[PDB]
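If you read the sequence from its start, that first residue is 1, and numbering goes on from there.
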Amino acid sequence: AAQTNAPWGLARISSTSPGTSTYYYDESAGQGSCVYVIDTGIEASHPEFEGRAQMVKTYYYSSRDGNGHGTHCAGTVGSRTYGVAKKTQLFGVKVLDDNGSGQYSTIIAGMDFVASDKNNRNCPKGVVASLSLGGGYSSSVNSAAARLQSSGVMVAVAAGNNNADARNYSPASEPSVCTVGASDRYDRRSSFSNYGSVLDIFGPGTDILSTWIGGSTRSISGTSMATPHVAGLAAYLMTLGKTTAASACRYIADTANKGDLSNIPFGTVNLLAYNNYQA
């Protein structure tokens with residue numbers, strides 16, 4: 001399938017070169033997979049989600065996304081126009097308040113929630129979790145991400161936006177999950193993207209158009225934006241039977257566009273997420 005005039009990041013994920021504007025993907029489109037978006041919530045009534053999004057948990061007085069960040073990330077995973085996996089089922093877990101903040105104890109609870117909750121959902125092609133959040137190093141936060149992964153969920157986490165080594169941030173520094181840095185439309189490392197040996201993969205992260213609250217759209221930047229490209233790609237590939245939740249990060253690295261990015265520090269992978277779809 002071909003989506004013309006797609007957001008650059010979607011075009012980039014299905015291309016061997018930057019600078020194109022059509023997204024090519026297998027029409028199965030992540031059908032039968034599930035992606036949990038662990039964030040500020042999802043405006044599930046947005047027409048871009050087509051009824052495929054729903055809130056399953058909140059730790060606050062409301063399940064509403066009063067911020068936008070979680071809706072934007074969910075849109076990059078699975079919205080009809082701005083998403084990688086346009087037929088996946090989206091599940092919102094509101095661990096972040098409407099200012100974008102959350103205590104690590106609530107983030108941990110949310111991760112353990114998903115590890116159990118997937119057993120309440122129909123995800124025959126597999127389960128992914130997207131975590132566009134983080135803070136300072138915490139062994140407890142990393143351990144929670146490791147348990148979620150170990151339970152059979154493909155865990156993708158943002159590397160962080162400190163232009164520094166992700167070793168000092170969590171869950172970015174957890175080795176067993178998929179740690180995602182950000183690139184721009186010219187295949188440069190995004191100026192804010194963390195780096196380091198713990199990164200597994202890069203995805204499009206500078207000026208990413210997606211859904212927003214109020215039934216709207218906007219373009220923002222961050223490793224938060226790169227992460228849902230990778231979560232959506234994992235779901236898409238699991239639907240296609242190419243990989244599993246346990247191995248999808250490594251499979252994405254194995255099949256990535258290699259050596260295409262500039263300003264990658266010595267010791268950081270030069271690997272850009274790629275769906276290797278041949279139309």
Side-chain angles (χ1 to χ4, degrees), residues 1 3 10 13-14 23-39 41-42 44 46 48-57 63 70 73-94 110-132 144-157 176-178 180 200-201 203 227-255 273-279:
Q3 175 189 354
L10 295 190
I13 286 267
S14 59
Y23 178 35
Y24 308 109
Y25 62 92
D26 187 282
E27 65 194 332
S28 63
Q31 171 87 246
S33 71
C34 303
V35 185
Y36 288 81
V37 180
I38 303 177
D39 209 287
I42 307 168
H46 201 303
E48 278 282 316
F49 294 123
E50 310 179 295
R52 286 179 295 96
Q54 65 188 90
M55 295 296 302
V56 302
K57 180 67 175 175
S63 290
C73 293
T76 298
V77 174
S79 68
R80 60 192 185 184
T81 305
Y82 311 103
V84 173
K86 300 176 186 294
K87 291 178 181 167
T88 195
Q89 285 288 317
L90 296 160
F91 301 128
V93 180
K94 183 170 172 58
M111 289 194 264
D112 287 322
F113 175 82
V114 179
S116 177
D117 186 70
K118 61 173 196 299
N119 296 316
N120 292 317
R121 311 294 166 190
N122 284 304
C123 312
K125 301 298 187 182
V127 184
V128 179
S130 195
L131 288 115
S132 294
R147 290 192 303 273
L148 178 58
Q149 178 75 43
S150 164
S151 84
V153 178
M154 192 283 177
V155 179
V157 313
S176 64
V177 302
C178 210
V180 186
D200 298 285
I201 194 69
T227 297
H229 283 91
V230 169
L233 177 61
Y236 164 91
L237 296 165
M238 286 156 47
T239 285
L240 277 177
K242 289 293 186 37
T243 191
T244 71
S247 306
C249 188
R250 270 76 170 230
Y251 176 92
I252 283 164
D254 284 351
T255 61
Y274 173 51
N275 75 358
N276 304 71
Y277 178 62
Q278 172 170 326

For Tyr36 and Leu90: C-alpha separation, side-chain torsions, deciding distance, then whether side chain to side chain contact (heavy atoms under 4.5 Å, CB included) applies. CA-CA 6 Å; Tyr36 288 81; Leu90 296 160; over 6 Å; no
Write out all pairs satisfying salt bridge (charged side-chain N to carboxylate O under 4.0 Å, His left out) with one or both partners inside residues 144-155, taking only residues at least two apart or from two chains.
->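 Applying salt bridge (charged side-chain N to carboxylate O under 4.0 Å, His left out) to every pair that reaches into residues 144-155, excluding sequence neighbours, yields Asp112-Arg147.
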Would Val84 and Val77 count as a side chain to side chain contact (heavy atoms under 4.5 Å, CB included) here? Give the steps. CA-CA 5 Å; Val84 173; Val77 174; over 6 Å; no
### Message
Pair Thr243, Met238 - check side chain to side chain contact (heavy atoms under 4.5 Å, CB included), show working.
### Response
CA-CA 5 Å; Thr243 191; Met238 286 156 47; 4.1 Å; yes
Under 4.5 Å between any side-chain heavy atoms of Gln89 and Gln54, yes or no?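 A side-chain contact exists here, since the closest heavy-atom pair is under 4.5 Å.
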List the residues meeting side chain to side chain donor-acceptor pair (under 3.5 Å) with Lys118, not counting sequence neighbours, and say none if there are none.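 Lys118 satisfies side chain to side chain donor-acceptor pair (under 3.5 Å) with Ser151 once adjacent residues are dropped.
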Over-ring placement of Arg121 relative to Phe91, 6.0 Å and 45° cut-offs: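 Positive - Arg121 is close enough to the ring of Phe91 and near enough to its axis.
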Is a donor on one side and an acceptor on the other found under 3.5 Å between the side chain of [X] and the backbone of [Y]?
X: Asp39; Y: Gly41; value: no
X: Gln3; Y: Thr81; value: yes
X: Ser247; Y: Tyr251; value: no

Suppose we screen for side chain to side chain contact (heavy atoms under 4.5 Å, CB included). Which residues come up paired with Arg250, at least two apart in sequence or across chains?
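With neighbours one apart ignored, the set is empty.
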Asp26 and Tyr236: CA distance, side-chain angles, deciding distance, side chain to side chain contact (heavy atoms under 4.5 Å, CB included) verdict: CA-CA 8 Å; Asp26 187 282; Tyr236 164 91; 3.3 Å; yes
Closest approach of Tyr23 to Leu10 (non-hydrogen atoms, all atoms of both residues)
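It is CD1-O, 3.2 Å.
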Looking at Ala253 and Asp200, what are the two nearest heavy atoms and their distance?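 Looks like CB-O, 4.0 Å.
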Next on the checklist: Regarding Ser28 and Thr239, do their side chains bring together a donor and an acceptor under 3.5 Å, going by distance alone?
Outcome noted: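 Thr239 and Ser28 do not have a side-chain donor-acceptor pair below 3.5 Å.
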Crowded around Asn122 CG? As in, over 12 foreign heavy atoms under 6.0 Å?
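Open: at most 12 neighbouring heavy atoms sit under 6.0 Å from CG of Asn122.
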